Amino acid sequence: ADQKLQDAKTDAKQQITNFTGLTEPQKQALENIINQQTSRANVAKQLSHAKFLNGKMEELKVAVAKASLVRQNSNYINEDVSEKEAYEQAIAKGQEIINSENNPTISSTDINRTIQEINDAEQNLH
């Protein structure tokens, strides 16, 4: 019923508000997506997507936040400039996503690609 759909949207938006991986712009974009759904099945699909995106954003935030530890404890200080530049480029791309205010991507594949670029570059420093 209409009351069932309204309640499912409210629940989903409340869950999204609790997430810590997603940025506030990402939460707002997803809450808007939730509000536009016409069935509870579709609300659940979008909430499942938000939960997965939240996990990837958690992974991305860790990969970016650990950069100073990596610079200090890996071979970064001794490494060739190409490897150091690749790492800083990848970290900067991750920072761009996290700090974005204008319509941040809600594409988990885009996030996963950025995570993988950081992880690949970090691996070459160990």
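For every residue, the number given is its place in the sequence shown, counted from 1.
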Worksheet item: Mean C-alpha B-factor higher for 26-34, or for 60-68?
Response: 26-34
Worksheet item: Per the entry, where is the mean C-alpha temperature factor higher: 93-101 or 79-87?
Response: 93-101
Worksheet entry | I106 - Cα temperature factor, lowest/middle/highest third of chain | highest
Discussion item. Per the entry's values, where does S39 land by CA temperature factor relative to the rest of its chain, in the lowest, middle or highest third?
Written reply: highest
Fill in: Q6, C-alpha B-factor rank within chain (lowest, middle or highest third)
highest
